[PDB]
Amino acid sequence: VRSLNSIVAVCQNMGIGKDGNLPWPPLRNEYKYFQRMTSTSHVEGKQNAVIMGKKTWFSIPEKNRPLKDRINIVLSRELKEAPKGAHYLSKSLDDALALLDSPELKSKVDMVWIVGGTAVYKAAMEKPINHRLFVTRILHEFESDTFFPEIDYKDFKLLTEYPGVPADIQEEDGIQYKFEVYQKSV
């Protein structure tokens, strides 16, 4: 595709999950941010596409699936068919990327967002394609058992400013965090 976007919320050790869920209790605002970003297309008639792995899909409460107003694509090598609610199943990122370029998807799709987990982020980070990484850095340590892959600081340059992203440190439920945008230009 033209360029990828990835979004993640990470705690201090770069953890993103624990026991199949997020490491911290709910942060309404951080979450509305993930909704607002993944949901908003800049072209009437289109919806964005969200690509995620098996586990991340099942982590979403069942009545809340698929993420409303985005085309849900699940990646799995072990599944034969798109889990109940998913729009599409794909065997790999590559495969997902080609689906997106197909006729029927192409004119339907605005932005592509990788929503994890680890293995999906990694694979996307490695593509020699223009990529913007939206990271929420939660300034606190929660035990995590899943982690965010290492970003190559030589490729992914942190932007000092980006539109519609608060610059200041944020607080909610006694927790502080900040939004950061990393950009890879090929």
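Residues carry their position along the shown sequence, with the first being 1.
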Subject >> Per the entry, higher mean C-alpha B factor between 110-118 and 77-85 >> reply: 77-85
Original post:
What stretch has the higher average Cα B-factor here, 32-40 or 124-132?
Top reply: 124-132
**OP:** Using the entry's values, work out which of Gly45, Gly53, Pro26, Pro66 has the largest Cα B factor.
**Re:** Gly45
Original post:
Going by what the PDB entry lists, where does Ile175 fall on CA B-factor within its chain: lowest, middle or highest third?
Top reply: lowest
**OP:** Compare the C-alpha B factor of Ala167 with those of the other modelled residues in its chain, then answer lowest, middle or highest third.
**Re:** highest
